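Chains as they are written, first to last, in PDB author numbering: chain T, 8 to 106; chain Q, 2 to 105; chain P, 1 to 83; chain D, 2 to 209.
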RNA sequence: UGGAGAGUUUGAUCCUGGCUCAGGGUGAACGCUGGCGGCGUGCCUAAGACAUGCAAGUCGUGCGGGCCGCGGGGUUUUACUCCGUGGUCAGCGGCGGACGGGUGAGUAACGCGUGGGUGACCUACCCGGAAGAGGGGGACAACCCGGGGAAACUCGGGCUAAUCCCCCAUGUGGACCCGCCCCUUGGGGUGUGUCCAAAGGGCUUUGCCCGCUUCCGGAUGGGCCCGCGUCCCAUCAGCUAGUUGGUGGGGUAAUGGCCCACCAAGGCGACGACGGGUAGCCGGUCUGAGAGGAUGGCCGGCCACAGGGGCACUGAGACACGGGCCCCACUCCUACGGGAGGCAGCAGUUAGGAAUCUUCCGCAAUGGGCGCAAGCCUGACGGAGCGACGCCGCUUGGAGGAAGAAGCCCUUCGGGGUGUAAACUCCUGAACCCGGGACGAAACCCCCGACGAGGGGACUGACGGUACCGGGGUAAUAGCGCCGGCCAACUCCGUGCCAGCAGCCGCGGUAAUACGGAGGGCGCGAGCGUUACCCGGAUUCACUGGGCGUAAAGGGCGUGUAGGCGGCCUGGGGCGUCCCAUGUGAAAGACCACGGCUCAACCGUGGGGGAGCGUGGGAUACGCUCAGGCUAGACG
RNA sequence: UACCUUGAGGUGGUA
RNA sequence: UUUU
Ligand SMILES: [Mg+2]
Ligand SMILES: [Mg+2]
Ligand SMILES: [Mg+2]
Ligand SMILES: [Mg+2]
Ligand SMILES: [Mg+2]
Ligand SMILES: [Mg+2]
Ligand SMILES: [Mg+2]
Ligand SMILES: [Mg+2]
Ligand SMILES: [Mg+2]
Ligand SMILES: [Mg+2]
Ligand SMILES: [Mg+2]
Ligand SMILES: [Mg+2]
Ligand SMILES: [Mg+2]
Ligand SMILES: [Mg+2]
Ligand SMILES: [Mg+2]
Ligand SMILES: [Mg+2]
Ligand SMILES: [Mg+2]
Ligand SMILES: [Mg+2]
Ligand SMILES: [Mg+2]
Ligand SMILES: [Mg+2]
Ligand SMILES: [Mg+2]
Ligand SMILES: [Mg+2]
Ligand SMILES: [Mg+2]
Ligand SMILES: [Mg+2]
Ligand SMILES: [Mg+2]
Ligand SMILES: [Mg+2]
Ligand SMILES: [Mg+2]
Ligand SMILES: [Mg+2]
Ligand SMILES: [Mg+2]
Ligand SMILES: [Mg+2]
Ligand SMILES: [Mg+2]
Ligand SMILES: [Mg+2]
Ligand SMILES: [Mg+2]
Ligand SMILES: [Mg+2]
Ligand SMILES: [Mg+2]
Ligand SMILES: [Mg+2]
Ligand SMILES: [Mg+2]
Ligand SMILES: [Mg+2]
Ligand SMILES: [Mg+2]
Ligand SMILES: [Mg+2]
Ligand SMILES: [Mg+2]
Ligand SMILES: [Mg+2]
Ligand SMILES: [Mg+2]
Ligand SMILES: [Mg+2]
Ligand SMILES: [Mg+2]
Ligand SMILES: [Mg+2]
Ligand SMILES: [Mg+2]
Ligand SMILES: [Mg+2]
Ligand SMILES: [Mg+2]
Ligand SMILES: [Mg+2]
Ligand SMILES: [Mg+2]
Ligand SMILES: [Mg+2]
Ligand SMILES: [Mg+2]
Ligand SMILES: [Mg+2]
Ligand SMILES: [Mg+2]
Ligand SMILES: [Mg+2]
Ligand SMILES: [Mg+2]
Ligand SMILES: [Mg+2]
Ligand SMILES: [Mg+2]
Ligand SMILES: [Mg+2]
Ligand SMILES: [Mg+2]
Ligand SMILES: [Mg+2]
Ligand SMILES: [Mg+2]
Ligand SMILES: [Mg+2]
Ligand SMILES: [Mg+2]
Ligand SMILES: [Mg+2]
Ligand SMILES: [Mg+2]
Ligand SMILES: [Mg+2]
Ligand SMILES: [Mg+2]
Ligand SMILES: [Mg+2]
Ligand SMILES: [Mg+2]
Ligand SMILES: [Mg+2]
Ligand SMILES: [Mg+2]
Ligand SMILES: [Mg+2]
Ligand SMILES: [Mg+2]
Ligand SMILES: [Mg+2]
Ligand SMILES: [Mg+2]
Ligand SMILES: [Mg+2]
Ligand SMILES: [Zn+2]
């Protein structure tokens with residue numbers, strides 16, 4: 008028995024737990040940003056989009072997200088924010104959107 | 002090269018989607034006789050531009066949905082239910098040739 | 001990683017290889033990408049090694065790492081000489 | 002194995018002199034020489050009209066029973082002859098005439114074909130220098146069929162290559178008696194051979 | 001460069017028509033028999049169950065330790081402690097573990113095949129090009145301490161290194177939103193805004209090696225989509241709700257009812273939907289004159305599966321055979337709470353079966369993973385073993401030898417046969433013995449040269465003391481089937497519709513070339529027969545290539561739907577059709593030629609053909625379509 | 001099992 | 001009567 012590959016498993020678990028955590032924030036902030044936008048709170052709705060952006064690319068740094076997966080997220084996010092701010096918004100900090 | 006096929010539109014009943022009956026011809030692999038087979042393609046009509054009886058070209062395309070992988074390239078000749086008819090009647094013949102019998 | 005290695009084609013005790021380009025992960029005697037030569041280790045004929053420096057040079061120029069033996073054979077056939 | 006056994010009996014069944022003994026088959030004793038009826042308790046009774054089949058069967062036997070080849074090898078050769086270009090019947094005969102054991106016979110290094118065969122399997126023969134012990138070895142044109150020095154001093158080889166002095170040999174061949182060596186010049190042309198066999202019938206035995 | 005038929009319905013004949021035989025093939029099996037070698041090949045049945053060993057690791061040149069040991073330091077000595085070094089065990093970290101190997105269960109399907117699409121995509125390691133690597137912070141194993149469990153194994157506390165994790169910076173560059181430009185599905189460019197990099201290590205130590213980060217591209221591998229093609233039953237005819245489409249969203253590398261919410265009411269079918277049966281597909285294999293039929297074992301490609309079912313995690317890549325979780329069945333351990341398993345990997349066991357091998361040698365060669373390298377790992381592989389299972393080669397002797405031994409057989413009792421066969425003489429000399437003894441292996445590495453080119457040097461074979469060479473040397477296995485016709489080979493005796501034969505026709509009821517035996521004969525020969533199965537003959541499902549008055553076969557008749565078919569003349573288009581060019585048609589196999597092993601089987605090299613399909617160009621007689629015309633069909 | 005009778009049988013006859 |  009005993010085939011030291013259980014190691015690969017051990018590691019997978021640590022990695023799993025690391026990815027899991029990273030994605031979780033990305034979601035939380037994304038939602039959060041989407042929420043403030045759908046409320047007209049432009050200055051900070053962007054403020055947070057900026058963080059979400061960072062966290063996404065950052066996740067894509069290693070193998071948590073990686074790929075065009077990162078890009079989709081960034082896309083869909085800016086997509087929903089700029090659009091929701093179509094309620095008088097008027098991008099302030101433009102902390103991410105290029106108007 | 003993306004495949005290009007021609008056919009008659011035999012169904013409008015869908016949103017942004019037309020059923021194009023494409024007829025095909027060819028020699029029988031063993032009996033020679035040139036036989037004629039056919040197949041219906043569900044092509045994508047974004048601006049619901051085409052109608053029943055429209056001979057149209059169909060172009061191989063990126064999946065628009067399931068069962069739908071062609072867009073209408075253009076309109077060849079308009080109006081001509083003579084074809085839609087053949088089709089419609091053939092479908093109606095099936096009518097009851099089951100436990101009873103279709104209609105002639 | 002594509003490679004230039006030998007492929008076994010002789011018969012029991014009558015080995016005959018084929019200098020060949022292929023994806024490192026394929027069976028040694030499997031689907032190769034291109035044959036770029038052959039080689040008879042027992043030199044049963046005055047023609048026991050042929051290459052094709054031109055093609056060898058193409059693949060080399062685009063990755064293709066050669067086995068030590070293949071590298072050897074390639075060299076012997078003037079693949080790397082520059083003089 | 003290759004038959005081994007009562008041979009001047011095959012001669013009798015085939016009703017013609019097959020030379021499977023060289024000498025004696027010339028003396029007043031080949032049996033075909035006085036006692037021409039087939040072997041066995043029935044050979045003298047009047048024969049019944051043979052079926053076309055019987056003819057070809059007997060005809061194929063006659064031809065094969067001459068070179069001492071096994072039905073197996075005989076068949077394979079004929080198949081090779083068929084597939085090859087040129088008039089099959091012809092090609093077939095030539096191919097048989099190309100067996101080393103046979104050449105060793107045509108050249109006289111040996112009395113009969115069987116004897117010839119043994120001289121080959123026993124290494125007394127050489128081809129282009131290297132010795133060859135394969136009775137079925139096919140000789141190409143230009144090859145030097147010979148005796149190996151180590152064998153040139155054998156009583157049998159002597160009597161044999163001696164009796165060959167002054168004796169002429171097949172036109173598709175050539176022999177240098179003193180050098181105990183000969184050459185396979187050309188594939189014998191059908192006309193060169195004078196076998197008591199109508200090969201057309203053989204081609205037919207194998208068509209059925 | 002290719003095509004044979006025969007037996008059998010009758011008193012006889014012609015025809016129809018079925019049955020049967022001759023041929024070829026096989027992963028075979030069975031019987032009698034069995035000498036050598038080479039190359040192949042060997043669970044086709046229970047995808048049944050498996051004891052045991054081996055089958056995937058490697059890296060100290062990423063990192064910090066434990067244990068066992070030696071050496072040298074700081075003292076006057078001790079305690080304590082510093083450095084160097086050997087062995088060893090794992091750990092953290094990395095790359096590999098998604099390849100290689102196995103199987104054919106499932107699957108009638110974009111699974112496979114062939115040709116295309118991807119402006120809808122991904123690709124670790126490898127190659128090319130551009131640019132870069134400043135600063136700071138952190139944790140968890142190991143180890144230490146404590147607790148739980150029968151066990152597997154486990155909970156908590158503390159310390160700690162890094163090529164482990166994070167923050168700031170630099171922004172070649174790249175990503176995202178918006179605009180504009182060129183393109184045209186999500187392709188390429190540009191502007192503002194935002195966001196995003198890095199790891200160190202080794203030294204023949206100021207340079208070079210290994211490596212790290214971001215981007216563009218190459219190369220290889222791959223996902224997805226599409227046209228066409230792919231078995232049987234219609235005694236399966238109607239099927240469908242994520243079901244067909246739409247808008248928005250989720251999801252992925254990416255398109256998509258893939259998934260969801262909402263709306264629409266669609267989609268499919270006799271050109272055979274749906275259901276049932278069977279089945280991995282192919283290159284090819286066998287057969288055939290061909291068309292075609294049958295087949296898919298070995299080898300090569302693709303697919304699918306890994307005790308049955310479901311699931312996701314980690315990753316460039318898996319939904320992962322020797323990784324994980326859950327349910328099920330079974331086995332094992334059990335202090336009864338709970339645990340451990342998964343040979344369709346090599347070999348082997350057992351069960352099933354007519355039937356299918358060695359718990360072998362080696363890592364030397366080719367190939368693969370990791371390593372700078374030495375080198376380690378490799379049941380992949382290269383070899384040997386067993387089985388006539390197949391193919392090819394070889395032997396059991398060669399020459400002489402009586403008008404003819406004996407024995408046995410027949411007999412018109414003269415003789416005939418086995419038979420030159422034996423005996424016997426002479427010759428060669430398979431086995432066996434003695435000696436020699438291999439290619440497959442020259443790289444990696446080291447030295448010179450710049451770790452380059454180039455040159456020099458060293459190590460290394462399981463097979464194998466084998467092949468092969470030389471010397472010596474013995475006459476030294478033959479069997480099986482058949483002999484009425486088809487179908488090659490005939491007599492005696494025994495038996496008496498018995499015993500028996502038998503592929504079809506048939507043979508035996510006291511003269512049997514048909515039963516059993518014997519003599520003799522034919523056939524083939526380490527085989528020969530048998531059984532099963534595929535193609536053939538069978539133009540006997542007829543496309544090539546058949547038929548229907550009485551042989552089997554015209555529907556009881558009409559009306560008519562779909563469909564199939566369509567008179568004469570002209571013109572347009574050019575779909576069918578034909579032509580040219582070009583791409584594709586992997587390797588192996590097949591064919592031709594030459595070549596290597598003494599031959600051959602086997603193998604190497606080279607050559608040639610090739611349907612189908614894609615692309616471009618062309619022709620227009622016939623078919624088709626469109627347009628016009630006609631009157632001979634038809635109708636009035 | 002036997003003879004009759006058959007070419008040989010069945011039945012049938014004679015023990 | 002069965003079989004020739
Ligand atoms: Mg490891
Ligand atoms: Mg010929
Ligand atoms: Mg009759
Ligand atoms: Mg009769
Ligand atoms: Mg009559
Ligand atoms: Mg007949
Ligand atoms: Mg073998
Ligand atoms: Mg084997
Ligand atoms: Mg099996
Ligand atoms: Mg089994
Ligand atoms: Mg199993
Ligand atoms: Mg240590
Ligand atoms: Mg270690
Ligand atoms: Mg299967
Ligand atoms: Mg089905
Ligand atoms: Mg396809
Ligand atoms: Mg394809
Ligand atoms: Mg692709
Ligand atoms: Mg690079
Ligand atoms: Mg802790
Ligand atoms: Mg920049
Ligand atoms: Mg710039
Ligand atoms: Mg930054
Ligand atoms: Mg890092
Ligand atoms: Mg690519
Ligand atoms: Mg079906
Ligand atoms: Mg199956
Ligand atoms: Mg035929
Ligand atoms: Mg295969
Ligand atoms: Mg499973
Ligand atoms: Mg399972
Ligand atoms: Mg990886
Ligand atoms: Mg992942
Ligand atoms: Mg796995
Ligand atoms: Mg799994
Ligand atoms: Mg899988
Ligand atoms: Mg296993
Ligand atoms: Mg096994
Ligand atoms: Mg049994
Ligand atoms: Mg190795
Ligand atoms: Mg190696
Ligand atoms: Mg091991
Ligand atoms: Mg092997
Ligand atoms: Mg006698
Ligand atoms: Mg006598
Ligand atoms: Mg003799
Ligand atoms: Mg050498
Ligand atoms: Mg080595
Ligand atoms: Mg050098
Ligand atoms: Mg006869
Ligand atoms: Mg008889
Ligand atoms: Mg008698
Ligand atoms: Mg008989
Ligand atoms: Mg008899
Ligand atoms: Mg043989
Ligand atoms: Mg047949
Ligand atoms: Mg037929
Ligand atoms: Mg039939
Ligand atoms: Mg016909
Ligand atoms: Mg007929
Ligand atoms: Mg009648
Ligand atoms: Mg009738
Ligand atoms: Mg009628
Ligand atoms: Mg009737
Ligand atoms: Mg009609
Ligand atoms: Mg017409
Ligand atoms: Mg025209
Ligand atoms: Mg026209
Ligand atoms: Mg055309
Ligand atoms: Mg072509
Ligand atoms: Mg090919
Ligand atoms: Mg040769
Ligand atoms: Mg070839
Ligand atoms: Mg064209
Ligand atoms: Mg024209
Ligand atoms: Mg008209
Ligand atoms: Mg009687
Ligand atoms: Mg009778
Ligand atoms: Zn004679």
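Don't be surprised by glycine CBs; every beta carbon is placed ideally from N, CA and C.
Just reading off the beta strand (DSSP E) that residue i is part of, what are its end residues?
| i | result |
| --- | --- |
| residue 79/P | Segment: none, residue 79/P is in no beta strand (DSSP E) and carries neither H nor E. |
| residue 33/D | Element bounds for residue 33/D: n/a, residue is neither H nor E. |
| residue 61/Q | 56-66 |
| residue 104/D | It is not in any beta strand (DSSP E) - residue 104/D instead sits in the alpha helix (DSSP H) that spans 101-107. |
| residue 12/P | Unbroken run through residue 12/P: none, as it is neither H nor E. |
| residue 38/Q | 35-45 |
Please classify residue i: is it buried, with 16 or more other beta-carbons within 10 angstroms of its beta-carbon, or exposed?
| i | result |
| --- | --- |
| residue 49/D | exposed |
| residue 68/D | buried |
| residue 36/P | buried |
| residue 49/T | buried |
| residue 6/P | buried |
| residue 19/D | buried |
State the Cα-Cα distance for the pair residue i and residue j, rounded to the nearest angstrom.
| i | j | result |
| --- | --- | --- |
| residue 178/D | residue 185/D | 15 Å |
| residue 30/T | residue 70/T | 11 Å |
| residue 22/T | residue 1/P | 28 Å |
| residue 78/Q | residue 11/Q | 14 Å |
| residue 99/D | residue 64/D | 15 Å |
| residue 198/D | residue 207/D | 15 Å |
| residue 125/Q | residue 84/Q | Residue coverage of chain Q in this structure runs from 2 to 105, which leaves residue 125/Q outside it and unanswerable. |
Give a single yes or no on whether residue i has its beta carbon closer than 8 Å to a heavy atom of ligand 1.
| i | result |
| --- | --- |
| residue 14/T | yes |
| residue 19/T | no |
Identify the continuous alpha helix (DSSP H) that holds residue i and give its terminal residues.
| i | result |
| --- | --- |
| residue 39/T | 13-44 |
| residue 165/D | Note, residue 165/D: premise wrong, no alpha helix (DSSP H); not H, not E. |
| residue 64/T | 49-68 |
Would the C-beta of residue i count as close to ligand 33, meaning under 8 Å from any of its heavy atoms?
| i | result |
| --- | --- |
| residue 31/T | no |
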